[PDB]
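J.: Next up is a structure, given as structure tokens.
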Amino acid sequence: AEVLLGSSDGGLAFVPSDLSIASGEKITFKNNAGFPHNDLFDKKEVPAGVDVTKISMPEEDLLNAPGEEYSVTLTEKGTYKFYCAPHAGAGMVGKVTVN
Ligand SMILES: [Cu+2]
């Protein structure tokens, strides 16, 4: 799966912001507009047994340039919530369900 970081009209959003993937599927998060961005998973809204420090970017690392990417594979089934650190109060939050 690929998820765009920012909307083309400048909206500070993941596109799509709610998606479904298969267990073991790789998600590539790609800079699209309005960067910098990063991705961080919420430690309270991931399945049990998942270590959020292994699947999140470090809070202070940023994707700064057009086309930059961050990829992560999710295996544990359930719902994961994630957000972009610099834009978290601006509404840049998303959800992925692993089936
Ligand atoms: Cu952002």
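Along the chain as shown, residues are numbered 1 onward.
Just so it is clear, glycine is given a Cβ too, placed from its N, Cα and C backbone atoms.
Sharing the features that Swiss-Prot gives for it:
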type	residues	note
BINDING	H37, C84, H87, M92	Cu cation binding site
J.: Can you count the other CB atoms that lie within 10 A of the CB of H37 (Cu cation binding site)?
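T.: 26, counting other Cβ atoms within 10 Å of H37 (Cu cation binding site).
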J.: According to DSSP, collapsed to three classes, what secondary structure does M92 (Cu cation binding site) have?
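T.: In the DSSP reduction, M92 (Cu cation binding site) maps to coil.
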J.: List nothing but the one residue from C84, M92 whose Cβ has the fewest other Cβ atoms within 10 Å; the candidates are the binding-site residues.
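T.: Fewest other Cβ atoms within 10 Å, among the binding-site residues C84, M92, is found for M92.
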J.: For Cu cation, what surrounds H37, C84, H87, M92 with a Cβ no more than 8 Å from their Cβ centroid?
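T.: Those within range, site residues removed, are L5, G6, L12, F14, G34, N38, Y83, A85, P86, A88, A90.
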J.: How would DSSP class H37 (Cu cation binding site) in three states?
T.: strand
J.: Looking only at Cβ atoms, how many others are within 10 Å of the one on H87 (Cu cation binding site)?
T.: 20
